[PDB]
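Heads up: the protein sequence lines correspond to chains A, B, C and D, in order. According to full-length UniProt numbering, the stretch in the first sequence is residues 2 to 296, in order. According to full-length UniProt numbering, the stretch in the second sequence is residues 2 to 296, in order. According to full-length UniProt numbering, the stretch in the third sequence is residues 2 to 296, in order. According to full-length UniProt numbering, the stretch in the fourth sequence is residues 2 to 296, in order. Don't be surprised by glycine CBs; every beta carbon is placed ideally from N, CA and C. Worksheet: the structure to be examined is printed underneath.
Number of protein chains: 4
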Amino acid sequence: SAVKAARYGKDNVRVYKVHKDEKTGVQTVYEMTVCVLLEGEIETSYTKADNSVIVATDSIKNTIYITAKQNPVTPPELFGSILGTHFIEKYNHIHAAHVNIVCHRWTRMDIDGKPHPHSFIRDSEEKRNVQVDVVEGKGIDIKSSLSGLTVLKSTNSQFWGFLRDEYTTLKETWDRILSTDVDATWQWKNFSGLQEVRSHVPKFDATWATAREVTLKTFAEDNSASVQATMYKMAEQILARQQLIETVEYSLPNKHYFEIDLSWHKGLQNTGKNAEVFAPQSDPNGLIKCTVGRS
Amino acid sequence: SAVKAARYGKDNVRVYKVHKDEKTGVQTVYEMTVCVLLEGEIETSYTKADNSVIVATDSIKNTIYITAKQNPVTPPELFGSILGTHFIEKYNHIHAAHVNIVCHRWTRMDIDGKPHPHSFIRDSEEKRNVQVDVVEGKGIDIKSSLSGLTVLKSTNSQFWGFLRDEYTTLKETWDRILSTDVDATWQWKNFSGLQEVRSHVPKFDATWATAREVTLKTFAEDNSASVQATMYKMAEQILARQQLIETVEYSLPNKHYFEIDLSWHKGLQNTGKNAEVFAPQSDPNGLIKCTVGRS
Amino acid sequence: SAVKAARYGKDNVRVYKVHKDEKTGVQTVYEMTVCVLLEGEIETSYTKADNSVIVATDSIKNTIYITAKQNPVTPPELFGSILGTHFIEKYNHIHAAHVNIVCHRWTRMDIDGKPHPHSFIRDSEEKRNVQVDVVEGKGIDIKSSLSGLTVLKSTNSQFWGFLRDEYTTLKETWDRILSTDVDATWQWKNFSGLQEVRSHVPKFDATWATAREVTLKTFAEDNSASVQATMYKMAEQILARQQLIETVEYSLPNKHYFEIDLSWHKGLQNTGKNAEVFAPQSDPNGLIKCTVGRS
Amino acid sequence: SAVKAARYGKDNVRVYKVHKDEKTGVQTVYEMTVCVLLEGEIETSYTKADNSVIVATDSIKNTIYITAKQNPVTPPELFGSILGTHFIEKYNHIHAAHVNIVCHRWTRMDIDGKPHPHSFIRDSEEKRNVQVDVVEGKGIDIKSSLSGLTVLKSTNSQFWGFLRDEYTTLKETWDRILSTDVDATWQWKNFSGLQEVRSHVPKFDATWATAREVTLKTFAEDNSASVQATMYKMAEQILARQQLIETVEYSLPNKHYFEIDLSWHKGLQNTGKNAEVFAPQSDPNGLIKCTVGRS
Ligand SMILES: O=c1[nH]c(=O)c2nn[nH]c2[nH]1
Ligand SMILES: O=c1[nH]c(=O)c2nn[nH]c2[nH]1
Ligand SMILES: O=c1[nH]c(=O)c2nn[nH]c2[nH]1
Ligand SMILES: O=c1[nH]c(=O)c2nn[nH]c2[nH]1
Ligand code: NA
Ligand code: NA
Ligand code: NA
Ligand code: NA
């Protein structure tokens with residue numbers, strides 16, 4: 002037998018950082034969960050019990066805290082690039098670092114119409130994520146994403162004209178509920194190293210904001226022919242607005258809400274144009290994916 | 002042996018309702034999870050296999066949908082009271098109904114600065130709940146609550162002057178992070194029946210809004226001596242603003258964020274006044290509760 | 002306003018303890034999650050910011066580890082009683098301690114037909130729990146339980162003869178699937194203090210084993226007329242086998258598995274006597290409870 | 002813009018099937034959760050709102066139930082292969098089907114030492130999974146796995162001799178606790194189609210059993226030099242025992258249990274050779290992966 006692939010590191014490292022403006026008294030907090038996995042010339046730890054090649058996962062944990070102390074943690078694309086580069090430069094025999102960061106929302110509270118200097122609320126479990134792969138001699142590959150953005154529209158979704166055969170029971174519809182949890186990922190062109198990532202720093206927050214805005218507006222305004230058609234419209238717009246993105250991937254569940262026929266009870270009308278009360282279905286769910294790139 | 006207590010019903014009934022304004026084209030959605038448990042002269046279903054006394058839990062499920070079709074589902078205090086009253090009036094041998102409702106957030110989207118007519122976002126997993134106990138001859142008892150409101154302040158929390166003995170290692174502090182998930186319950190005076198609940202309908206949404214506002218402002222503005230002292234201030238204010246509330250109960254975890262001593266690494270300073278990077282602790286957590294009533 | 006009730010402490014304290022037999026080399030592990038909440042003369046911490054009355058929750062955490070180091074952690078009824086008694090005896094102004102323990106399964110592995118000396122498997126998420134309330138001058142109240150015991154029988158469950166009215170759509174059946182997650186609690190007679198709890202130590206593990214065995218055998222062998230009737234049979238037997246138990250409470254979900262009519266597809270027969278493929282329903286679910294005591 | 006990749010289908014389809022032996026009266030149940038995603042000539046549903054190419058996800062759901070009615074559902078490798086093949090053969094424009102199956106445990110109850118004919122228990126949340134990719138003209142690729150197998154050993158694990166530098170605080174140890182949740186995947190050689198999969202049917206259950214047995218015995222008996230070294234030993238043995246497997250992948254968290262220094266309290270000794278009480282850590286955790294193939 003032979004080791005074909007190996008990676009190891011530390012997962013689920015929770016990190017909080019506070020920034021304190023001495024002039025204004027305003028504080029800003031960041032909270033993330035970080036995973037770092039390393040690859041390199043480490044096969045002998047598996048095959049020969051040679052621990053000399055192992056940077057202990059506990060040390061990886063320490064390094065994450067030290068790096069957060071000495072560097073900006075925002076935008077997460079930058080922090081992830083700094084963290085991954087550290088490992089490949091510091092250790093001769095480590096040749097790739099894989100950094101995943103999940104950013105948790107701490108949104109500044111408004112009290113009496115004014116932003117509070119040091120109080121925050123978790124407004125939703127929506128996350129902003131990055132995956133950064135730093136590979137020696139091959140640069141820095143970054144995939145940015147938003148996830149856990151849960152939306153619903155109560156009309157202006159249709160689904161008709163699909164294939165009908167002996168396995169089909171679904172009725173065509175011209176008015177249904179559409180609800181989903183949005184997972185959207187944009188993949189940046191390869192960067193040559195940290196200097197290049199640093200050169201593009203302002204684009205990271207701006208592109209996240211654009212991706213979010215395009216997703217929300219398109220969902221709200223499209224008279225949707227299907228999840229497929231609506232998601233493609235979102236991806237097309239993101240690619241148009243940021244030239245440094247190579248591909249956009251969406252993964253969308255179709256979280257079904259079923260009509261409830263109540264006509265058995267005193268002829269109560271609750272279907273079609275008379276539908277008011279629906280039964281949300283926990284499972285199963287449609288799952289629709291697409292990756293959109295440039296012509 | 003004898004049956005000392007019994008209750009049965011349907012849990013986890015998901016319900017969605019849409020309201021459509023024909024004049025303006027605006028749609029408003031409500032989504033809840035409902036549990037209804039019944040009590041009454043039902044012992045023989047347990048002791049003698051006498052199913053004749055059982056209103057099937059499937060029928061309870063149907064009744065929830067029918068009731069939602071025929072009645073307002075907001076405020077949830079009213080809907081719960083209507084639903085519970087139905088069971089005790091309809092069935093001679095059912096003498097109490099226990100209705101629990103969890104309301105899920107569907108907040109209207111703003112697109113380009115204007116409220117969208119039929120698109121919604123789940124902004125946080127904060128819930129608004131009710132527990133309604135309808136008991137034949139004893140009226141309607143309602144407990145309203147908010148839960149899952151997650152907040153953090155990065156300074157203006159202290160904890161010193163506590164008991165110190167041979168079990169104590171905790172250092173006194175004059176500046177710490179305070180973070181919690183708020184669970185707050187206000188218990189209404191007993192209502193004589195549905196007519197009385199109907200008479201107070203506007204107070205339900207207004208009191209929820211007050212409870213939320215008081216919680217947020219007090220958390221943000223109190224220079225907190227302890228979770229205990231801050232929570233008492235919240236409860237006192239709610240009781241002052243709504244005379245029809247008898248008690249307010251808070252249950253607050255203290256979600257700890259620990260300093261990380263990095264001085265072992267190149268004398269890096271990250272404690273006390275120099276603390277910037279902290280380690281959020283998933284467990285254990287303090288848990289602090291109090292019920293506040295009137296003198 | 003006045004403080005009507007207050008309790009505070011530490012939740013989610015994970016504890017592991019190992020016992021090592023020096024003679025045989027056999028090791029035995031215990032893992033639990035512990036919560037301890039205290040009550041007493043502590044109102045002033047809430048009303049006056051008087052922390053002098055607060056035993057810090059961090060100190061409660063330390064005490065749990067110290068107590069586990071110095072005492073047996075099994076049976077959990079005993080450990081909980083020792084832990085609660087400590088707080089009311091040590092602190093003059095603390096008058097009640099509420100201890101909740103969840104015991105996690107670590108079952109000794111069999112390798113090649115022989116029990117391994119120091120390797121364990123988590124065989125299911127079934128838990129054994131205790132709630133111990135130690136109240137100064139009022140003794141020790143213990144509720145023992147098992148939870149998370151998930152079972153299914155594929156036949157020998159019926160449900161017919163229930164109330165039928167205009168809200169009823171459920172068909173009577175003489176053969177259905179029955180599946181549930183068992184939550185069973187037995188409440189001991191009040192104990193005067195630790196000496197009395199110590200006197201009954203062997204009864205705790207034996208009664209847990211009896212409760213589990215009675216639950217499994219009754220579920221498997223009863224030709225069930227309803228969840229109600231089957232659960233009552235379980236409770237009756239437990240009360241018969243242990244005189245020191247005052248009440249037994251069961252709380253059982255009815256986790257539905259629905260028939261799927263496939264007759265629309267080539268007249269395929271999959272209902273009634275021909276039912277082979279079913280759709281498990283995640284929600285809603287029936288919920289049936291009963292508390293059984295002595296005549 | 003252009004569609005670079007697309008797949009869509011139905012996720013979270015829960016399925017139960019019962020087999021009834023008429024001769025013996027013995028019943029056997031199977032429960033799974035199934036996901037099926039399709040690929041093919043479907044770009045126009047995204048780009049042109051052309052639904053004519055869409056096999057509705059609802060129809061995919063129906064097909065799963067129909068297929069389960071007409072075919073064995075065990076071993077899951079076979080069922081997944083039948084299900085995937087159906088889609089590529091039935092629909093001209095569908096060229097790949099991706100089937101994921103999670104099998105849930107329903108283990109026959111022993112009552113009074115004898116196997117019960119129709120009663121089952123969920124003994125642990127361990128799963129047996131398959132991923133089957135059926136690609137037109139390219140055969141059938143199957144990855145089989147077990148997951149959620151949670152184990153702990155209380156001694157006979159070591160970790161010393163790792164890299165030490167200025168980021169290192171971890172002490173070397175010759176005796177620690179090792180606990181993990183095992184995720185193990187074996188990838189079969191490509192099969193030419195269903196006939197070939199059918200030819201190897203007995204190997205599927207036997208290889209799963211071997212993988213499980215090798216994992217448990219190796220974990221229990223290895224005096225482990227590291228997670229890396231122990232996992233490699235497991236993989237090597239599986240590859241030796243089944244020639245039709247090409248690679249074995251393990252992904253193992255290192256779920257840490259920390260010593261608790263209690264010496265501050267009356268010089269209590271609870272570290273090193275005196276360690277009895279430990280603190281399980283929920284996070285962070287090491288994460289160690291390896292893929293082992295043939296020389
Ligand atoms: O088994 C281990 N492998 C590792 O890579 C490691 N790093 N810290 N502790 C560890 N234990
Ligand atoms: O066992 C049952 N008990 C009930 O109360 C019930 N209601 N619907 N189905 C049921 N099954
Ligand atoms: O606010 C607090 N209240 C308490 O009771 C406590 N105990 N430890 N830290 C604490 N913080
Ligand atoms: O938007 C949809 N896309 C689909 O592929 C589908 N299949 N069923 N319903 C559906 N809705
Ligand atoms: Na390197
Ligand atoms: Na009545
Ligand atoms: Na006392
Ligand atoms: Na095809």
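Using a cutoff of 8 Å, the CB of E44(B) does not count as near ligand 6, since none of the ligand's heavy atoms is closer than that. Nearest C-alpha to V4(D) among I43(D), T156(D), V16(D) and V37(D): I43(D).
For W187(C), the enclosing beta strand (DSSP E) begins and ends at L179 to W189.
When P254(A), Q270(A), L217(A) and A241(A) are compared, the shortest CA-CA separation from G114(B) is found for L217(A).
Using a CB distance cut-off of 9 Å, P254(A) does not count as an interface residue toward chain B.
The C-beta of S46(A) comes closer than 9 Å to at least one C-beta of chain D. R15(C) is positioned such that its CB atom lies closer than 9 Å to that of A280(D). The three-state secondary structure of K204(D), taken from DSSP, is helix. A Cβ of chain B is located within less than 9 Å of the beta carbon of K5(C). At least one beta carbon of chain D lies nearer than 9 Å to the beta carbon of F163(A). Closer than 8 Å at the C-beta level to chain B, one finds these residues of the stretch 137–171 of chain D: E167, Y168 and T170.
Proximity to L84(C) across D111(C), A50(C) and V37(C) peaks at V37(C), based on C-alpha coordinates.
Distances from the CA of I261(C) to each of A57(D), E40(D), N130(D) and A69(D) were compared; the closest alpha carbon is that of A69(D). When secondary structure is reduced to three states using DSSP, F259(B) falls in the strand class. Within the stretch 212–228 of chain B, those residues whose Cβ lies closer than 8 Å to any Cβ of chain A are, in chain order, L217, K218, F220, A221 and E222.
Between the stretch 5–12 of chain B and the stretch 277–291 of chain C there are three or more inter-stretch CB-CB distances shorter than 8 Å, so the stretches are counted as touching. Between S145(B) and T208(B), the C-beta spacing is below 9 Å. Boundaries of the alpha helix (DSSP H) around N63(D): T58 to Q71. The stretch 184–197 of chain C and the stretch 246–255 of chain C touch, with no fewer than 3 CB-CB distances between them shorter than 8 Å. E78(C) is classed as buried because its beta carbon has at least 16 other beta carbons within 10 Å across all chains shown. In the DSSP assignment, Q28(D) falls within the beta strand (DSSP E) that extends over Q28 to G41. Within 10 angstroms of the beta-carbon of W189(B) lie 16 or more other beta-carbons, which makes it buried. Nearest CB-CB separation between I43(A) and chain D: below the 9 Å threshold.
Residue list for ligand 8: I89(D), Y92(D), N93(D), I95(D), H96(D) and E137(D) (CB closer than 6 Å to any heavy atom, chain order). For the 9 Å CB-CB criterion, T248(B) and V293(B) form a contact.
At a cut-off of 9 Å, the C-beta of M235(B) has no neighbouring C-beta in chain A. At a cut-off of 9 Å between C-beta atoms, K267(A) counts as an interface residue with respect to chain C.
Think of a sphere of 8 Å around the beta carbon of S283(D): the chain B residues whose beta carbon falls inside it are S283 and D284, in chain order.
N255(D) has its CB nearer than 8 Å to a heavy atom of ligand 1. Using a Cβ-Cβ cut-off of 9 Å, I61(B) does not count as an interface residue toward chain A, since no Cβ of chain A sits closer than that to its own. Against chain C, a Cβ distance below 9 Å from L263(D) picks out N63, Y66, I67 and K70.
Between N52(D) and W175(A), the alpha-carbon positions lie close to 13 Å from each other.
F121(A): member of the beta strand (DSSP E) spanning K115 to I122, first to last residue. Using a C-beta cut-off of 8 Å, the stretch 53–69 of chain C makes contact with the stretch 158–170 of chain B, since at least three inter-stretch Cβ pairs fall below that distance. For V135(B), the closest alpha carbon among the candidates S193(B), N93(B) and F205(B) is that of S193(B). It is roughly 11 Å from the alpha-carbon of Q132(A) to the alpha-carbon of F80(A).
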